[PDB]
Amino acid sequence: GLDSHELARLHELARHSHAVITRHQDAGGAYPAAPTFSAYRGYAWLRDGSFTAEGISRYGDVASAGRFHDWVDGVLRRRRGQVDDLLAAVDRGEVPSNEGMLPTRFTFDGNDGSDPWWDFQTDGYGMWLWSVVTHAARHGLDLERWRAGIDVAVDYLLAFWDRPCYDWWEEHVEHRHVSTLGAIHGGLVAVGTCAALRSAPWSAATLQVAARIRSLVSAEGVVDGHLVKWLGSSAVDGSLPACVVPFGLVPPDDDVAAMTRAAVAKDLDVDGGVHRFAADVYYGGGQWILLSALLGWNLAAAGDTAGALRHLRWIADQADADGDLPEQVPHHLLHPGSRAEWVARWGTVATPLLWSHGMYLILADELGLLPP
């Protein structure tokens, strides 16, 4: 395993991961993406926030995780009318524009941070359902605290799960991304198998739609035995292992899960650093801490502890002076010529990225390395 040299370093990084996340949590409950990055600062994402919240929940700060769930819940209850209006529009056969849909960026006071025309995404609503159910399960909490917000997210996802949207990386609005479908699946299966939610009017519908997502991924999201980045594609994306653990399109032991871990490792993993996708020119297409953590998590879940440890150590070696984890590092770049213009425009890469720290805490936890 680890000598006390490593255990010591990994424990201290976990404590710092907790402190970074909780210190930068907004007064209202939102977890920001990155407090100091020009392009992300002042905004919260349900995707970043939900993995961040799961990290914090595993670590055991019930107060912080709860305040984040309270924030999301209240933001969604305020969208009850917008979501009812969208559904009624569908019922009249008037397919609403991407511009009228629920946002991707939120302000800390729960307003659209951006025009959904430019960044329409559905994965975050699915991740939040997964996050809040998993938190309530872990800590014996009453989901009625967050139920009215869960109802908004479920109603929204049951109507719009099969709609093309931008991927986690804000690309290709015309496609249906297997890690977006995966995130929605994980959320629907979480609420649909939750005994506290057995009487919800949407209970059985969540499992029927989760089955329709799995049908669509079987038909168009599997090539040469592995998942693909979007329906009708041959290529992989670094997010795909999330479709095994924790979103559960397939379990860890499934041959598609094995083939997907192997395809991601072969195509996108360089010396423990996982790239997003082959064409990625964002800061030259560097190695993403959260993707190394995600692949590590999935190797742990599949019984490959060694594989998991190698990725955790890789992540730990990217911690800076203060123990802050960046979004990505440039040790290997897919398109090195593109880096300078990004640094020039937006500054040095987001550091800390709270999602980097949340994924650190999850992988540490999967390996039994949180401080005791």
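In this text, residue numbers run from 1 along the sequence as written.
When the C-alpha B-factors of 298 to 306 and 195 to 203 are averaged, 298 to 306 comes out higher.
For the pair 287 to 295 and 178 to 186, the mean Cα B-factor is higher in 287 to 295. Taking the deposited Cα B-factors for 68, 51, 45, 342, the highest one is held by 342. Taking the deposited Cα B-factors for 123, 94, 220, 254, the highest one is held by 94. Among the modelled residues of the chain, residue 282 sits in the highest third by CA temperature factor in this PDB entry. Ranked by C-alpha B-factor against the other modelled residues of its chain, residue 132 falls in the lowest third.
Sorting the modelled residues of the chain by their CA temperature factor places residue 80 in the lowest third. Ranked by C-alpha B-factor against the other modelled residues of its chain, residue 154 falls in the lowest third. Residue-level temperature factors show residue 312 in the highest third of its chain, judged at the C-alpha atom.
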